[PDB]
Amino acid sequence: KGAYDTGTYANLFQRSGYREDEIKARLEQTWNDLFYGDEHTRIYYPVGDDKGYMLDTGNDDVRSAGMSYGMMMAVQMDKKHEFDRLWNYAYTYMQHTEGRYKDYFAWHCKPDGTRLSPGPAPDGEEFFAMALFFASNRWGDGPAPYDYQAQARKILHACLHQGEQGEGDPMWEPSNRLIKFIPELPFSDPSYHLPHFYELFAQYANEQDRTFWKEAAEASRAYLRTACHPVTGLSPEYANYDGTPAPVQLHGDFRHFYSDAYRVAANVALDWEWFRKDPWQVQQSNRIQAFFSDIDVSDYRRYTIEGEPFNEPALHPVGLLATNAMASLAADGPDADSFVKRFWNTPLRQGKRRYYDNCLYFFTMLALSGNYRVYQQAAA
């Protein structure tokens, strides 16, 4: 049974020989540096008395994915002040109040809250909902807009039912229960598949949707088995519903193993840790660690999912190392302890491209310390 059933979370750092005091201080220091560090390290910026944003340093914008990541980090670290500031920013500037995207979030804005595009990013919505449910379960609902579980159910209502009552499209395809890349297009992004979050939506969402969420959890586990290469464990950034790489798009070639796809190994490993349902997740984790076992972080490239390297380097090599190390939650092969130590010995990334690397790094620091947990509807 998983950590959801047992309440016991694997501490991979402790299993590797790091001291409990050492591990707690390292996680606290990662939080301090990421949220409140120097101008070359931090990715969180408070705004006035009641707002704050996660900055995509590389693109000079604020992204729904980043805001939702920050909320998950804050609720996992018991940081309600930062949680509330981030949520108020997303609620105030990004959430649509009308039209085809009502209750969805404009996927990016300028730091000052000016929307740059109206379209939403489903990976943002699902993290907002999961972080808000955990906020409700840890702290209790406050007055709107800090009525966390009510806000979460509103987001997930739109995710399944948008355009039943006028203009818009859902973020899940009703026929296959798979999350989409964007509401309008008939293909997916493997990194967006969070079956472990859908298991929990099946407990917390509007009652009429709980069967759908349970089905989505199983459909996403099956989908990832079709999307990850059976030899390398590599997945494409964009994939068809059948798991094969999607066609080249106007805005780029997403057929290869690059930034988005790094999260798949981390998502697979956390579902295994929480729920322990699909033993394939152990083999997927072993395969990707085997692929990268003798590749130094300094040599990380773009790869075809068949494992053929490009000259082109990885944009976010620290992020890739982070996700390869988080796969140690499920891997039982000869590389698992090596990746945990490689990760421990890697500092937070600095400079203009740091944001994505450091979000993945933080989730890995949470998970490998046994601090990436389910906050259940439970007794005092």
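Start at 1 and count along the sequence shown; that's the residue number.
- Looking at 284-292 and 166-174 together, the entry lists the larger mean B-factor for 166-174, computed on C-alpha atoms.
- The mean C-alpha temperature factor is higher for 182-190 when 126-134 and 182-190 are set side by side.
- Comparing C-alpha B-factors across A266, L200, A74, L116 in the deposited entry, the largest value falls on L116.
- Comparing C-alpha B-factors across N371, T364, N358, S16 in the deposited entry, the largest value falls on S16.
- For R302, the recorded CA B-factor ranks within the lowest third of the chain. Only modelled residues enter the ranking.
- The deposited CA B-factor of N206 belongs to the lowest third of values across its chain.
- Remark: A152 belongs to the lowest third of its chain, ranked by C-alpha B-factor as recorded.
- Remark: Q29 belongs to the highest third of its chain, ranked by C-alpha B-factor as recorded.
- Among all modelled residues in its chain, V47 ranks in the highest third by Cα B-factor.
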